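Asker: Before we start, here is the structure in question, set down as structure tokens.
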Amino acid sequence: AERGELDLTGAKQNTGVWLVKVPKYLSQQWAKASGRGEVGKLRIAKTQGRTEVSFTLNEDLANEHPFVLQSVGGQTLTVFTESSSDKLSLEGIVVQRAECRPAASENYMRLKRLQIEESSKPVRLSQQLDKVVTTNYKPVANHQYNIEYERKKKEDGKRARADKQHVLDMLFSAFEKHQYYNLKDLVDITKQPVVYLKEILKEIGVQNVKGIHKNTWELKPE
Amino acid sequence: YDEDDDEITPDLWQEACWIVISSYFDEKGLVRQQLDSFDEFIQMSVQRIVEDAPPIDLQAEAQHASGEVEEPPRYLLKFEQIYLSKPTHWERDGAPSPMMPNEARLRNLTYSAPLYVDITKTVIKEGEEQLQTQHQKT
Amino acid sequence: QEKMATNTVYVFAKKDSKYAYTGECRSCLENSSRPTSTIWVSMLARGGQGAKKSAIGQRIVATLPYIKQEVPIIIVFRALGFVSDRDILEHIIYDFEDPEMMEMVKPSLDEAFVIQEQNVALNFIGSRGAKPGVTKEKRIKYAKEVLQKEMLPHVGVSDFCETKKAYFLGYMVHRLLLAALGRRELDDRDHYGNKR
Amino acid sequence: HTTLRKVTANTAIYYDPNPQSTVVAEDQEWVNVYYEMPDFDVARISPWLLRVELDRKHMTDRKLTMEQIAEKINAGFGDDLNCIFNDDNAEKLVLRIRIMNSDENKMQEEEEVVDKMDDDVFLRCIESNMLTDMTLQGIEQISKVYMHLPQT
Amino acid sequence: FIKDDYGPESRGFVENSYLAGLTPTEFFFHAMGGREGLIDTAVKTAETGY
Amino acid sequence: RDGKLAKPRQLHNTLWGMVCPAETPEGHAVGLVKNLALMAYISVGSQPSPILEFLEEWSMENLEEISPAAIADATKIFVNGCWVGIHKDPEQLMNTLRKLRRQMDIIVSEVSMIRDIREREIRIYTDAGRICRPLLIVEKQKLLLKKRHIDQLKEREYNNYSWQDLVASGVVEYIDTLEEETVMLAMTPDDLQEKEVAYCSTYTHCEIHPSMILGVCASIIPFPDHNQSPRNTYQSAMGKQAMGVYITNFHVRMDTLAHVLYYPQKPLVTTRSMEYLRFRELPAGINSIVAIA
Amino acid sequence: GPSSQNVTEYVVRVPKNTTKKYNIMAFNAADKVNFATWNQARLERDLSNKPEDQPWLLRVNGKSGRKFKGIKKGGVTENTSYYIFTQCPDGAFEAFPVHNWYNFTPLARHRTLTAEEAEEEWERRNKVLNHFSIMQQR
């Protein structure tokens, strides 16, 4: 299945990418840009024995984040893509990991605490009650029970028995589908009193039980 | 009013530690563990447990020996926020009234309060009905 | 009521002939359904099959919660899926600059050698656990859900955190090995710091 | 009652088919010393070597001599266990152990009724049991647990 | 106290007399010396009765 | 039950500041049913989730993203016994978390944090049922609580103030028995100041007072430090037997059985701990003129 | 140059028009992976004994390459989000969301031990008595 084939073009080109840790809040601010263009700019400052990398937010989207690089000498990381068109491709390889450190410190936290309020807050117990009794708003004729009676209130409690021969026709038809049947299936199928149907099954058949009183009746095929 | 600059005399004697101590017992008290554990048990523990993992669903055993159509009737139950009244007593008349811990001891009652919970019924039948939802306070 | 603190690893000496040392871990999300489970990883002493290599004082095994039979710890790791010995060794001790502890585990790796596939190792634990039956495959599944859910539940109860659990087992075996070398004093049976 | 495990400072197992060019160059003087030490079945004995070093103060304290140890270990494992040892007055008191076979009958008759056990692995079992078993002077459950006392 | 401090006081020597009163650490090391005797009492009564 | 003899009956050192020295049943269950000291406290416990979040911002590395065989120097960090991650600079992080706790950004008697510098490990706990006690923090070499705070406590008699304010100042902390293993706790401001040629010099907490180590019954007795210790265990049992006025409203109470004294008196010689028992309010005995003859 | 007053700035973009999910495939450097010799590869969800929940199977060069198992990350992040940053010919940076982290590890080739013959039994008899001959008799 070609759908199961993994494209190696990227790998064979030795394409490199960066892997960066940034806060959900930074990416949420980025989400406001909605891909309209850019979210900001990245700056790289290099000196005598030091490299300073940072990101700075767009003045527009805002209407310094320093980067810390991590080691990748003890692991290999690559990027592979999963298309909506059900195709897989190794689009390229991760050459560096890093973490974005927040410039603001202790007051940020308030925002965080505000953020804490946003993640954590469905009311727990919280307001009690001063009211008490409501229950049992009197059905006098139970509301489901009323509905069941209503179902009954459409021609029930009377069966054919009475049409014997036509009922026999149903038995013959049913028996054509399978050699044996449960009594319950015949009761559903012929809509008649069970004891009368038993007298018929005594007339033209036998019974065959198994397990825990599991009984099936049959017109002795031969 | 403090500045940690003009202050030059941090010294403080036997008297002041008891002033600290007194403020401890005066704020906390002599039985807080019990009381905080029970207060946390209602305010937290009982709500978490009714939310934790008890959704129950039941699907009727219909359309036996004959079935087709579209519905083996199915029901789901969910439990929301828990409510807890102030300690109450129901007199034989049927009339509730507030219960006084002293009265509870003389008449030999159980000093307890009623617990109520939000229960929901959801009927996402196998086709036609799906938006049959009703709220209860039980 | 005073009990022993949960989700903490303890090492104890016993007078028992069969166990030289024990690493005990209790689960009990004293924040869940409050089930059970109590893992022991045991260092064996006093014995020997005979002309086997003898040496019983390295044979590290694991009791899983009321499994009818003890299991060797490397088999548990293989059941978690880490079949590479270099990886198992890394999970036990990720500081392999010390030959002595690594040599100490070496006969238990040698003892594990008989099996090197996760499925087989799961079927092995099942037979070592489950009453006799017939098919292999449910036995692997049953063994898998126990290995997943009853093995250190506090670290996770899903498939997607089977690897992390393996790390915790290894620090635990490591916690055990330190006491057997004597690099670290035994835990006290009364230290209130280890009570709730 | 002291077991050889207590008397042993350390043990090692070495690969040395040719003692006449042993990797342990300091022992090399001993190998020349033991050229006449059954000079013929050196072609037959296993190339696996066990070397033991003994603590000097502890060995002296038991007043033991090497021929006692050699005779003890020979008696325990048998003639199959071919032992040699250095002088009790060398600055590094050491004991060297090899294992000899049955010479004639071992000609790969059926499949070797040992199920092809490597001798190194077997040497550990010898090393294990040699320590745990050897009961020189005291023979049972008391050993040197001693103390000595002056009563006045 | 400091870690590993084999001095007398730091490991359970009481410098004081009951009349001058015990210092706080000495009191707790004295309360420890108090238990061994109370426990010993409760055990010996059961065993010797048997 | 019925015959066990071992070590869970003697008085472990770690009960210091936690459980009563002498105050245990004089009977069969000696040392098994214990009584909680006077100041001691207990955590109610809460979700570790916000701490895990904070740890992640502090550059904590995740287990499955790292290179295990190449980072053994790193400290391992645990939360409620669960191994969450690793960190490469535990001293600043430990310092940061402590500053955060003392800032009252995270709950104090409910996030205990302990470092074992010998094993290069950092363990954290936030579950329920840990016994902990309050202590005065001392910094560098000088006590951190000072005179303005005391002036607020005297003013508290009309001006709004609380023990909680006192904790928010970060002069006092709660410390559980596991952390108490690693602190360098000094008995009195006196010793910590006088300390010039003394052996130590790095105290990190202080006792608000030594007499808080005793239970509630151990508190009735005057000069327990002049008495042979088991004499004092015996009083803790007997105080609970003595009779006097046991609550104010007894008259409207049909308690199945009760004893009240006609004339109770507060004691002439009293401990300061007794003010907080209200043993002045409802005493249990009389000041006798005794002759020891 | 770099050792001087070097300053560089790049625009960073986060497009929303992307439809393909972005995933991580991680290896141990100790495994000495060599993409330069990966002529062909397959990647399929593989749990045929038991789509989105499934682990991966990575198959390189088929019968003449190595095979790996891909395992899902131990959980979503709870504060930060890992992003992939790529360089674009125009001179900007381009950032991409991570949908998931999968870990890939060594499977072996045609070795086939199979402890079903009688090796569980042989183990009962085993005294570390044999090792080579049993692997051969299969």
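Identifiers for the structure tokens are assigned positionally: chains receive A, B, ... in sequence, residues are indexed from 1 per chain, and ligands are indexed from 1 in the order shown.
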Could you produce a table of the residues of stretch 19-55 of chain G lying within 10 Å of stretch 77-90 of chain G, with the nearest pair of atoms per residue and their separation in Å rounded to one decimal, using only C-alpha atoms, ordered by chain and increasing residue number, as a tab-separated table?
Answerer:
residue	atom	partner	partner_atom	distance
G:22	CA	G:84	CA	8.5
G:23	CA	G:84	CA	9.5
G:24	CA	G:84	CA	9.6
Asker: From a DSSP calculation on the backbone, collect every residue of stretch 94-140 of chain A in alpha helix (DSSP H) and output the set as a ChimeraX atom specification.
Answerer: /A:108-120
Asker: Need the shell around residue D:103: protein/DNA/RNA residues with any atom at most 9 Å away, counting only C-alpha atoms. Skip same-chain ones fewer than 6 positions apart. Format as a PyMOL selection string?
Answerer: chain D and resi 41+44-45
Asker: Okay, now the selection with N, CA and C atoms, as a compact mmCIF listing (two decimals), in the first residue's frame?
Answerer:
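The result, written out as selection_7.txt:
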# COMPACT_ATOMS: atom_id res chain seq x y z
N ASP D 41 51.25 -33.25 31.31
CA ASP D 41 49.82 -33.00 31.19
C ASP D 41 49.49 -31.51 31.16
N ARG D 44 47.39 -30.86 28.28
CA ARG D 44 46.07 -31.47 28.39
C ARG D 44 45.15 -30.66 29.30
N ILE D 45 45.70 -30.13 30.38
CA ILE D 45 44.94 -29.30 31.30
C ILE D 45 44.30 -28.10 30.60
Asker: Write out as a PyMOL selection string the residues lying within 6 Å of stretch 81-97 of chain B, counting only C-alpha atoms and excluding same-chain residues fewer than 5 positions away.
Answerer: (chain A and resi 128-129) or (chain B and resi 47+112-118)
Asker: Please measure the separation of atom CA of residue G:15 and atom CA of residue G:98, giving the value in Å to one decimal.
Answerer: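 Going from atom CA of residue G:15 over to atom CA of residue G:98 covers 13.4 Å.
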Asker: Mind giving me the straight-line distance from atom CA of residue F:5 to atom CA of residue C:18 in Å, one decimal?
Answerer: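 That distance, rounded to one decimal, is 24.0 Å.
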Asker: Ranking F:57, F:105, F:194, F:89 by minimum distance to chain G and counting only C-alpha atoms, which one comes first?
Answerer: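 Closest to chain G, using only C-alpha atoms: F:57.
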Asker: Return as a count of residues only the full set of residues in stretch 24-60 of chain G whose backbone-based DSSP assignment is strand (DSSP E).
Answerer: 15
Asker: With only C-alpha atoms as the basis for distance, which of F:119, F:165, F:207, F:56 is at the shortest distance from residue F:138?
Answerer: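 Under the stated criterion, the closest residue is F:207.
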Asker: Can you pull out the residues contacting residue D:69? Cut-off 12 Å, using only C-alpha atoms, and skip same-chain residues under 3 positions away; I want them as an NGL selection string.
Answerer: :D and (3-4 or 7-8 or 54 or 59 or 62-66 or 72-76 or 83-86 or 88 or 94-97 or 130-131 or 134-137)
Asker: Could you list, as a list in words, every residue of chain E that has an atom within 6 Å of an atom of chain F, counting only C-alpha atoms?
Answerer: residues 18, 21, 22, 31, 32, 34 and 35 of chain E
Asker: Could you give me, as JSON lines, every chain F residue with an atom at most 10 Å from chain G, plus its closest atom pair and distance in Å to one decimal, counting only C-alpha atoms, rows ordered by chain then number?
Answerer:
{"residue": "F:49", "atom": "CA", "partner": "G:78", "partner_atom": "CA", "distance": 8.8}
{"residue": "F:50", "atom": "CA", "partner": "G:78", "partner_atom": "CA", "distance": 9.3}
{"residue": "F:52", "atom": "CA", "partner": "G:78", "partner_atom": "CA", "distance": 8.0}
{"residue": "F:53", "atom": "CA", "partner": "G:79", "partner_atom": "CA", "distance": 5.8}
{"residue": "F:54", "atom": "CA", "partner": "G:79", "partner_atom": "CA", "distance": 8.1}
{"residue": "F:55", "atom": "CA", "partner": "G:79", "partner_atom": "CA", "distance": 9.4}
{"residue": "F:56", "atom": "CA", "partner": "G:79", "partner_atom": "CA", "distance": 6.6}
{"residue": "F:57", "atom": "CA", "partner": "G:79", "partner_atom": "CA", "distance": 6.9}
{"residue": "F:62", "atom": "CA", "partner": "G:77", "partner_atom": "CA", "distance": 9.4}
{"residue": "F:63", "atom": "CA", "partner": "G:74", "partner_atom": "CA", "distance": 8.6}
{"residue": "F:64", "atom": "CA", "partner": "G:74", "partner_atom": "CA", "distance": 7.1}
{"residue": "F:65", "atom": "CA", "partner": "G:26", "partner_atom": "CA", "distance": 9.0}
{"residue": "F:67", "atom": "CA", "partner": "G:28", "partner_atom": "CA", "distance": 8.0}
{"residue": "F:69", "atom": "CA", "partner": "G:30", "partner_atom": "CA", "distance": 9.6}
Asker: How would the residues just picked look written out with N, CA and C atoms as a PDB file, in the first residue's frame?
Answerer:
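Output contents, as saved in part-v7.pdb:
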ATOM      1  N   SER F  49      -0.707  19.698  40.727  1.00  0.00           N
ATOM      2  CA  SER F  49      -0.749  20.274  39.373  1.00  0.00           C
ATOM      3  C   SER F  49      -0.099  21.657  39.181  1.00  0.00           C
ATOM      4  N   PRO F  50      -0.456  22.649  40.018  1.00  0.00           N
ATOM      5  CA  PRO F  50       0.225  23.940  39.870  1.00  0.00           C
ATOM      6  C   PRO F  50       1.734  23.911  40.124  1.00  0.00           C
ATOM      7  N   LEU F  52       3.743  21.316  39.483  1.00  0.00           N
ATOM      8  CA  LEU F  52       4.253  20.689  38.271  1.00  0.00           C
ATOM      9  C   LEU F  52       4.391  21.677  37.116  1.00  0.00           C
ATOM     10  N   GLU F  53       3.415  22.565  37.006  1.00  0.00           N
ATOM     11  CA  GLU F  53       3.452  23.672  36.063  1.00  0.00           C
ATOM     12  C   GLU F  53       4.616  24.631  36.311  1.00  0.00           C
ATOM     13  N   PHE F  54       4.802  25.011  37.571  1.00  0.00           N
ATOM     14  CA  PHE F  54       5.858  25.935  37.981  1.00  0.00           C
ATOM     15  C   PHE F  54       7.231  25.322  37.719  1.00  0.00           C
ATOM     16  N   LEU F  55       7.339  24.021  37.962  1.00  0.00           N
ATOM     17  CA  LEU F  55       8.579  23.271  37.795  1.00  0.00           C
ATOM     18  C   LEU F  55       8.965  23.268  36.324  1.00  0.00           C
ATOM     19  N   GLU F  56       7.958  23.134  35.475  1.00  0.00           N
ATOM     20  CA  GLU F  56       8.161  23.168  34.039  1.00  0.00           C
ATOM     21  C   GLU F  56       8.641  24.535  33.567  1.00  0.00           C
ATOM     22  N   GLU F  57       8.186  25.620  34.182  1.00  0.00           N
ATOM     23  CA  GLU F  57       8.701  26.904  33.730  1.00  0.00           C
ATOM     24  C   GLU F  57      10.159  27.073  34.158  1.00  0.00           C
ATOM     25  N   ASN F  62      11.889  16.999  30.837  1.00  0.00           N
ATOM     26  CA  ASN F  62      10.968  15.868  30.875  1.00  0.00           C
ATOM     27  C   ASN F  62      11.706  14.554  30.649  1.00  0.00           C
ATOM     28  N   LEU F  63      11.198  13.481  31.241  1.00  0.00           N
ATOM     29  CA  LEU F  63      11.821  12.167  31.119  1.00  0.00           C
ATOM     30  C   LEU F  63      12.046  11.660  29.693  1.00  0.00           C
ATOM     31  N   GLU F  64      11.039  11.765  28.833  1.00  0.00           N
ATOM     32  CA  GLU F  64      11.129  11.126  27.520  1.00  0.00           C
ATOM     33  C   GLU F  64      11.817  11.980  26.459  1.00  0.00           C
ATOM     34  N   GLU F  65      12.241  13.177  26.841  1.00  0.00           N
ATOM     35  CA  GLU F  65      12.896  14.068  25.894  1.00  0.00           C
ATOM     36  C   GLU F  65      14.401  14.138  26.101  1.00  0.00           C
ATOM     37  N   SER F  67      18.469  12.566  27.309  1.00  0.00           N
ATOM     38  CA  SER F  67      19.461  11.544  27.017  1.00  0.00           C
ATOM     39  C   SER F  67      20.025  10.958  28.307  1.00  0.00           C
ATOM     40  N   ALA F  69      21.674   8.159  29.551  1.00  0.00           N
ATOM     41  CA  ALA F  69      23.098   7.805  29.611  1.00  0.00           C
ATOM     42  C   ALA F  69      24.087   8.955  29.390  1.00  0.00           C
TER      43      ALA F  69
END
Asker: Which one of A:143, A:138, A:124, A:220 sits closest to residue B:43 if you count only C-alpha atoms?
Answerer: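 Using only C-alpha atoms, the shortest distance to residue B:43 belongs to A:124.
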Asker: Find the residues in chain F near chain C: any atom within 10 Å counts, using only C-alpha atoms. Write them as an MDAnalysis selection string.
Answerer: chainID F and resid 7:15 18 32:34 42:43 46:47 63:64 67:73 79:84 119 127:132 176:181
Asker: Between atom CA of residue G:65 and atom CA of residue C:77, measure the distance and give it in Å to one decimal.
Answerer: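 Rounded to one decimal, the two atoms are 26.2 Å apart.
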